[PDB]
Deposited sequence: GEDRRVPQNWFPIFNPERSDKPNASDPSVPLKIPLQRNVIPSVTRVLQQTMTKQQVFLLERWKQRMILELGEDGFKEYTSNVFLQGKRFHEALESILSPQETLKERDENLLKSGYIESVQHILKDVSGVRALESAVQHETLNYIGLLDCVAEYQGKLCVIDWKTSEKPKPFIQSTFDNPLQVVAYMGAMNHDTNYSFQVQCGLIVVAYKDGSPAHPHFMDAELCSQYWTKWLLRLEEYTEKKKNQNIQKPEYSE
């Protein structure tokens, strides 16, 4: 019951600088967000200026908050739909009805992955079968249509980062060789599923590894 502040088994009579693991092992989000191309940074900055001019500085902050909240709500609704036992009325949930009918055999939900040797961590949405094929599934709300996998920006990199980590994480006894990005729409129009077979996942894996090396090179130029 008792927790001592001192440790009488020790004595009390270059300095140690022990790294904090959570600070030196990045999340997938952090790696991707800190290594965007100058062109993507430009497009996002030009869009943000247009939004601030249209909405005002506080209006844009509120827009940004609402985009995040809508996404979090969608994922909360999905977590309860995908688990064994007002949130479920949204247009996004309507958007993915035809996808959900092909999803089965859920094996992980909002579950931590850590790559033992590439030193990154993440939290995946979902591992489940889509039309019988076991997938890391990345569910995404989106304001604009994303009818091609190339319309999804870094989403395929997030998918393969989770696959590679999960496949080399001793907390998991199975491997996953396919990915799926599901883009859902607020007006209820049919969601776009972008399936990634093993070949396509291996192609994006190369690109993810480059982003991870860019992040690593960026952090040692900061030290």
| item | value |
| --- | --- |
| Deposited residues absent from the coordinates (by C-alpha) | 1-8, 22-28, 101-108, 247-254 |
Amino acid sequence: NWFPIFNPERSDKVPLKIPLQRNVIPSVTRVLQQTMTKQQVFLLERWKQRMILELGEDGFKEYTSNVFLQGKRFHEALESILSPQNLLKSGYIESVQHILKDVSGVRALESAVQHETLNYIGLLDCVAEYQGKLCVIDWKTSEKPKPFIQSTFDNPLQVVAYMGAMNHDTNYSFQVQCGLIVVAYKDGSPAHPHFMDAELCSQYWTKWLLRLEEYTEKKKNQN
From here on, numbers count along this sequence of modelled residues.
{"property": "86-94 versus 132-140 - which carries the larger mean C-alpha B factor in the record", "result": "86-94"}
{"property": "Between the two ranges 149-157 and 115-123, the one averaging a larger CA B factor in the entry", "result": "115-123"}
{"property": "Residue selected from 33, 49, 170, 65 by maximal Cα B factor", "result": "170"}
{"property": "Ranked against its chain, the third holding the CA B-factor of residue 174", "result": "highest"}
{"property": "Chain third (lowest, middle, highest) by recorded CA B-factor, residue given as residue 69", "result": "middle"}
{"property": "Modelled-residue ranking by C-alpha temperature factor, third containing residue 184", "result": "middle"}
{"property": "Ranked C-alpha temperature factor of residue 11 among modelled chain residues, by third", "result": "highest"}
